[PDB]
Amino acid sequence: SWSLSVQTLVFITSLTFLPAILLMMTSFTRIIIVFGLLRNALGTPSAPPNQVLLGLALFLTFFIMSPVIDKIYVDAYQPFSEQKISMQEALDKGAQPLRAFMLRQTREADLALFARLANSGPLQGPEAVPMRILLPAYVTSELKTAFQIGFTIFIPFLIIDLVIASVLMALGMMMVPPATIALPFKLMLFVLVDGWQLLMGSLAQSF
Amino acid sequence: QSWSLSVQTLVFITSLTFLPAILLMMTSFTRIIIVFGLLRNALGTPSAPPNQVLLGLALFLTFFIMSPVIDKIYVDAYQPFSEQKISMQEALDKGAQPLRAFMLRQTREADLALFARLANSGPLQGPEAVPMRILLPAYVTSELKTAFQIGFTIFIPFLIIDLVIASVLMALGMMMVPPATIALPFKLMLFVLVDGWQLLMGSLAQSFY
Amino acid sequence: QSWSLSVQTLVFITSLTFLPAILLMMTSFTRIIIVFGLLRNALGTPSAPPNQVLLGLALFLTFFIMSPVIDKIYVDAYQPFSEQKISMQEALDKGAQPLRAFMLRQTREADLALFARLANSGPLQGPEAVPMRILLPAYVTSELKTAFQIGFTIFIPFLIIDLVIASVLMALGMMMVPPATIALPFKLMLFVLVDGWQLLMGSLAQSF
Amino acid sequence: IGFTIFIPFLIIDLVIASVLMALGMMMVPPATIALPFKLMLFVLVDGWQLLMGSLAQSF
Amino acid sequence: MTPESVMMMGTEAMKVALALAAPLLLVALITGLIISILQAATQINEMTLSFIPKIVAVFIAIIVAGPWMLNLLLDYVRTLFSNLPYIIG
Amino acid sequence: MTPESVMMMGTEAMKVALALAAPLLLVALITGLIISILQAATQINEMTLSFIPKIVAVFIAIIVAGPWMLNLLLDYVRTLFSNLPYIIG
Amino acid sequence: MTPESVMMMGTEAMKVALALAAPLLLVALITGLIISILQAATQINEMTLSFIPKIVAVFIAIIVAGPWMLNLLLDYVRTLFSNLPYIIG
Amino acid sequence: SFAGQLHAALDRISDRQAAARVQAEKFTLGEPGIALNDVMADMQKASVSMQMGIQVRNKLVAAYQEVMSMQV
Amino acid sequence: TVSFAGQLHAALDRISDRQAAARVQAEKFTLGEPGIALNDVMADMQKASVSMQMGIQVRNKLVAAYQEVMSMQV
Amino acid sequence: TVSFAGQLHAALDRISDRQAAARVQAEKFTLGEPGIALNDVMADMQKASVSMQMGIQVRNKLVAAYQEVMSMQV
Numbered sequence: 037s038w039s040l041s042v043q044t045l046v047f048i049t050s051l052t053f054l055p056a057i058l059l060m061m062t063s064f065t066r067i068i069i070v071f072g073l074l075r076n077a078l079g080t081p082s083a084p085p086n087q088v089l090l091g092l093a094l095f096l097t098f099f100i101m102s103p104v105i106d107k108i109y110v111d112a113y114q115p116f117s118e119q120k121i122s123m124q125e126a127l128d129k130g131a132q133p134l135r136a137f138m139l140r141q142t143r144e145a146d147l148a149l150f151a152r153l154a155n156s157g158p159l160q161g162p163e164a165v166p167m168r169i170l171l172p173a174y175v176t177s178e179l180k181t182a183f184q185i186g187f188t189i190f191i192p193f194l195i196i197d198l199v200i201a202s203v204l205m206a207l208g209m210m211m212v213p214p215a216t217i218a219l220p221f222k223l224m225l226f227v228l229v230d231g232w233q234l235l236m237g238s239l240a241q242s243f
Numbered sequence: 036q037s038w039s040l041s042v043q044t045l046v047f048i049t050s051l052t053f054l055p056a057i058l059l060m061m062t063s064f065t066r067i068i069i070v071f072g073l074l075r076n077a078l079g080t081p082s083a084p085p086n087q088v089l090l091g092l093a094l095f096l097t098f099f100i101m102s103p104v105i106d107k108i109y110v111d112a113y114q115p116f117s118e119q120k121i122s123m124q125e126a127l128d129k130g131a132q133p134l135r136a137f138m139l140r141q142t143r144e145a146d147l148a149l150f151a152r153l154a155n156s157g158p159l160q161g162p163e164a165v166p167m168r169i170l171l172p173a174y175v176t177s178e179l180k181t182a183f184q185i186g187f188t189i190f191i192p193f194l195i196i197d198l199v200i201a202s203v204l205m206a207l208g209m210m211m212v213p214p215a216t217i218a219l220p221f222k223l224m225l226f227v228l229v230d231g232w233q234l235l236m237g238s239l240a241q242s243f244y
Numbered sequence: 036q037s038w039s040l041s042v043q044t045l046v047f048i049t050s051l052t053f054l055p056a057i058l059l060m061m062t063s064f065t066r067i068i069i070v071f072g073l074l075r076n077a078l079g080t081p082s083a084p085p086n087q088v089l090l091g092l093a094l095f096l097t098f099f100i101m102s103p104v105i106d107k108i109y110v111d112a113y114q115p116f117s118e119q120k121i122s123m124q125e126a127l128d129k130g131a132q133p134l135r136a137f138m139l140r141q142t143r144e145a146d147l148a149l150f151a152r153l154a155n156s157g158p159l160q161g162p163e164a165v166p167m168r169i170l171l172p173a174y175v176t177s178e179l180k181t182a183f184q185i186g187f188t189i190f191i192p193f194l195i196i197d198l199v200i201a202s203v204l205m206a207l208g209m210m211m212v213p214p215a216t217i218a219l220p221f222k223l224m225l226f227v228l229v230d231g232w233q234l235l236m237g238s239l240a241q242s243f
Numbered sequence: 185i186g187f188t189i190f191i192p193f194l195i196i197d198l199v200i201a202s203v204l205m206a207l208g209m210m211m212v213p214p215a216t217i218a219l220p221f222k223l224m225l226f227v228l229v230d231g232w233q234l235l236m237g238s239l240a241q242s243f
Numbered sequence: 001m002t003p004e005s006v007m008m009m010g011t012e013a014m015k016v017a018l019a020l021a022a023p024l025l026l027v028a029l030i031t032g033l034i035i036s037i038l039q040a041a042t043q044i045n046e047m048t049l050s051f052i053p054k055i056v057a058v059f060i061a062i063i064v065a066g067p068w069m070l071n072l073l074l075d076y077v078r079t080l081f082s083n084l085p086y087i088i089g
Numbered sequence: 001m002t003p004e005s006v007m008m009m010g011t012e013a014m015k016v017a018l019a020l021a022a023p024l025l026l027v028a029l030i031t032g033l034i035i036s037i038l039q040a041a042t043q044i045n046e047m048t049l050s051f052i053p054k055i056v057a058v059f060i061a062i063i064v065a066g067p068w069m070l071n072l073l074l075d076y077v078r079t080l081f082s083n084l085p086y087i088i089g
Numbered sequence: 001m002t003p004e005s006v007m008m009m010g011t012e013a014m015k016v017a018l019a020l021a022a023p024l025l026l027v028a029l030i031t032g033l034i035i036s037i038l039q040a041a042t043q044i045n046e047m048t049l050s051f052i053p054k055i056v057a058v059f060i061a062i063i064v065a066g067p068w069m070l071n072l073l074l075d076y077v078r079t080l081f082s083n084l085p086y087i088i089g
Numbered sequence: 033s034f035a036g037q038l039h040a041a042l043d044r045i046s047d048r049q050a051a052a053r054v055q056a057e058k059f060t061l062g063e064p065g066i067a068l069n070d071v072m073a074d075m076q077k078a079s080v081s082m083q084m085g086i087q088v089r090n091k092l093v094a095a096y097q098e099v100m101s102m103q104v
Numbered sequence: 031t032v033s034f035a036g037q038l039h040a041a042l043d044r045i046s047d048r049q050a051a052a053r054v055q056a057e058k059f060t061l062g063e064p065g066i067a068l069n070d071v072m073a074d075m076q077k078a079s080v081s082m083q084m085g086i087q088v089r090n091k092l093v094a095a096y097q098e099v100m101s102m103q104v
Numbered sequence: 031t032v033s034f035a036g037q038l039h040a041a042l043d044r045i046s047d048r049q050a051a052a053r054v055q056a057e058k059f060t061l062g063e064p065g066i067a068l069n070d071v072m073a074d075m076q077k078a079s080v081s082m083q084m085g086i087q088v089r090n091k092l093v094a095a096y097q098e099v100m101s102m103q104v
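Structure (structure tokens):
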């Protein structure tokens, strides 16, 4: 254990990187990109405010991190009080669940690329991946996953738009823009199937 | 000859303020983030990944790219500084050389010649004698040109997709259909199936070499 | 007549306070910065080069352009002051002359007349006696006008490219295809091929 | 003063938009093409000098 | 000010705009109408025929009348700026 | 500068623009008109059949003349930026 | 203060907006419909010749009814600002 | 690497603080062989080192915030 | 060709040289050297302190100017 | 014809003359020139210090005001 004043300095300094922790280490990027792509899908880039989407992504991130938060509480929050482990052995012990989660959500190709970017030859085991190699690989994997989910969301709305345009063309209309007609049908399909709750359920299942 | 401790501390803390300037004008960062600023435009989503995600990804990529230069600076210059075998002035003189070489290898000769002529410098015998005042802006100019080249090349497959989709839409008589919204999911498809992000970062890292 | 040392250092620090104003309104920083901003707007990429990169480029270009003036100030004014040959007042007066000449070289007579008539100055014989309070705003106005001229001229090739691509798309019947998406990569290609960055910086330097 | 300073640039914007859309190219952004012409109008009138003259003579 | 001290100024400004834009719009409409009538007379089925005549007509009209419109606009703006100090009262 | 200089600069500008566009616009117009005349003569009532050949023609133009339209434009731009320090005044 | 007063506030405001915008929109619609029916009668079809008279008609609309709009909107704003301190809660 | 160097610097500063505090504590009890001037000099050196660490932290945080505020 | 980096290096070297001279004189006086007087030691230390304070203030003004210039929106 | 730079120059010069006069009076008293009294020397030194502090405060207020005026968002 080192000095209390140094501990305060380090704690307040690490408090600054909270957006970095939320974005790079948790899943917040995935939900935020999925929400952005879904908003782009419905054809209305300002229908729900950016604030509301950010808060919804924050709540989803909190739930989906609740198991990792519980593991942190068991391994770090509690034993720091009983003083069986503290300072070093614990902060790292508490960060271990984050490492397990990010290993689970990271693809092998990104990790391989970032290892050969750091000349880390003897990285043989999969539970001793350094943070420098694990973090950007995890972010890239999250970007790929979010884009895939966005395309899957895109498919039904694209189908509806194409169907509306095809019926307009077949009915004889050649000048009517299909977007105006298809927008309320997109909304009634989204509400009627209750798209939002199934979307969040799938995102939670998507881990 | 060594500076006093007070002067050394003053110089160190003063030079700590130039960290964003050094990062932008001396490291790889400028080429990376700019390309990202164009890539999010090519995909059709200006929102894209958030700005901070792209900035941090560029920072990590920059650190990985400059790992050899940082290691050489740590070995040649900073290690004698910590082990008391060098002064601050000599350390500053010695540690910049690997970074100067890194900047020079990505510097186009035309820009370097332009800034020489504009500073009215005398005949430079060889690369080794190029002043930093001439190497810095020339490196930034060449960096911007290279980033624009990479971005324009990146803009190609998405243009292909947009043109194909628009031609298909117009060949069917569906003239009133805006092809941007239709082609955006297919651009996302193209970036997903080919593993666009990993391929792009690998290409950037190889480009710097 | 020589200021005491404490007054001298007070003047020095107070003058160092006004450094950004001198850079913006007495050097070539403002024109380069305006042209760079207009060029960035002209490519359709409102945030591709970060503001700090362009600011650093403009600062270095300004230093290179003003190197002869700084050399004249050093040789004629600052060097005797540093060797205690002349006092601070006369050193500042001698150092004003090269910068004043440079600013007069890049000002428009109409703006000088406007500010002279506005300030109710008496008739001035030749460029030798023009107060700095009169020359500074006129020089700033002339720099603004010249920067806008250069930016408007630069805006032309990208306008040509946009018009030709829009016409090509329209003649094919593609009524709902926006031309910006197709024009941006070609704007980048045009600027790359002509060696745009170094050419534009050389043109800005040559105009001074 | 400001709302009448705005007038010529609105005139240029409307003229350019009307010409562009009547010609057929309705997908172009009129402001993008209009900005260089606004700069041209400002520099060929001597906008800065005349604006200072007007501001001074407003008193 | 007054609604009139404003309506008159706006009317003069939009008269200037109408004078500026009248030649281009007129030649564009005339060319489009001529091409369309020629197309209907021959019963040719096409929609993109008129665009190129439109563009060359507008281009030639700009070349022919550029000095006139530019001088008119410059003079109008110059008098507006000169009269600006008296507009406030 | 004088307005006349601006008119001359714009004149060379739209001359270069027309030189760029005509190799493509002319061939597109010719293909469309030929297909439409054939359609009217054969009474094959369908407009959209005129669209498919045009693209190919346009593409053909590029692959036959893309270099030239690439080069000439540059020979203008490299001049314009080199005339920048001499147009001010 | 009561929600009835608020919703009345919105209604009257947006009816004022409707009165302000109705002449211009209706004039444009009538001009477009007239040009369209003339095109149908003459069997002429270019999408650009309907855009020409619309601008002229809508711009004349400000000449004729512009003072009325300017007087109506100013009266609305004046009354709203005068009654502001009596609908406070 | 960089995190390792930061950790080493923080450890050195905290060792400074701990040594100064322990020396002052021993001197408070009346233990022999510890002089007042040495205690004061060590306390001032520890304060100087801690202030240097604070300043370095401030500069690094400001640089990080400036970098992360760019418009891509 | 006058360079600002050279001038800054020269000023820093002058400040360091004055500080080193004062420190050396004080060290020699502590060691009982005969030809050094206390008043000279104190005056030299005060002059070195004044010079270093001037350097600090100039650095502060320069940093403020740089941070103002680099905070533009171009 | 009133120039604020002229008034600032006049005030700065006046402060300089006061400081120089006090310095020369102390110089002459040290050299043992008859006709100079210690009390007047100290009084003029303190007056010079008061004038310089007044100049410092005026400069501080002017610089602060200039920075507050010059940082507004236009």
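Protein chains in written order, with UniProt numbering: chain Z, 37 to 243; chain E, 36 to 244; chain W, 36 to 243; chain P, 185 to 243; chain C, 1 to 89; chain L, 1 to 89; chain X, 1 to 89; chain R, 33 to 104; chain H, 31 to 104; chain S, 31 to 104. Note that the Cβ used here is the ideal one computed from N, Cα and C, for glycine as well.
ask   = Can you tell which of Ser202/Z, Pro162/Z, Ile108/Z, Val175/Z has its C-alpha closest to the C-alpha of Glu125/Z?
value = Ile108/Z
ask   = Are the segment 40-58 of chain L and the segment 223-237 of chain W touching by the rule of at least three beta carbon pairs closer than 8 Å?
value = no
inquiry  = Check whether the segment 165-184 of chain E and the segment 126-141 of chain E are in contact - that is, three or more C-beta pairs closer than 8 Å.
reply    = yes
query = Looking at C-beta atoms only, is the number of pairs between the segment 214-222 of chain E and the segment 181-198 of chain E that lie closer than 8 Å three or more?
reply = yes
query = Applying a beta-carbon distance threshold of less than 8 Å, which residues of chain S neighbour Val70/W?
reply = Near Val70/W there are no residues of chain S at all, since even the closest Cβ is about 20 Å away, more than 8 Å.
ask   = Based on Cα-Cα distance, which residue from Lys91/R, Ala56/R, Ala40/R, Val88/R lies nearest to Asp74/R?
value = Here the closest residue by C-alpha is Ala56/R.
inquiry  = I'd like to know if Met84/H contacts chain E, where contact means its C-beta is closer than 8 Å to some C-beta of that chain.
reply    = no
ask   = In chain order, which continuous runs of the alpha helix (DSSP H) of length 4 or greater are located wholly inside the segment 150-230 of chain W?
value = 167-206, 214-228
inquiry  = Any beta carbon from chain L within less than 8 Å of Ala145/E's own beta carbon?
reply    = no
task = Figure out for me which residue from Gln103/R, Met84/R, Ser79/R, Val104/R has the closest Cα to the Cα of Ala50/R.
result = Residue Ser79/R is the option with its Cα nearest to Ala50/R.
ask   = Roughly how far, in whole angstroms, is the beta-carbon of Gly208/P from the beta-carbon of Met205/W, given that I think they are within contact range, below 8 Å?
value = About 6 Å separates the two Cβ atoms, so the contact holds.
query = Using a C-beta to C-beta distance shorter than 9 Å, which residues of chain W count as neighbours of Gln103/R?
reply = Here the neighbours are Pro81, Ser82, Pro85, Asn86.
ask   = Under 8 Å between C-beta atoms, does residue 116/C make it to chain X?
value = Since the first and last residues shown for chain C are 1 and 89, residue 116/C lies out of range.
task = Check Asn45/X in the structure and name its three-state DSSP category.
result = Assignment of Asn45/X by DSSP, reduced to helix, strand and coil, places it in the coil class.
ask   = Is the CB-CB distance between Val199/Z and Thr65/Z below 8 Å?
value = no
query = Secondary structure at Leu42/S, three-state DSSP: helix, strand or coil?
reply = helix
Which of helix, strand or coil DSSP assigns to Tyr244/E = coil
ask   = Would you report the Cα separation of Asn69/H and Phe59/S, rounded to the nearest angstrom?
value = 20 Å
8 Å Cβ cutoff met for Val46/E and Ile45/H = no
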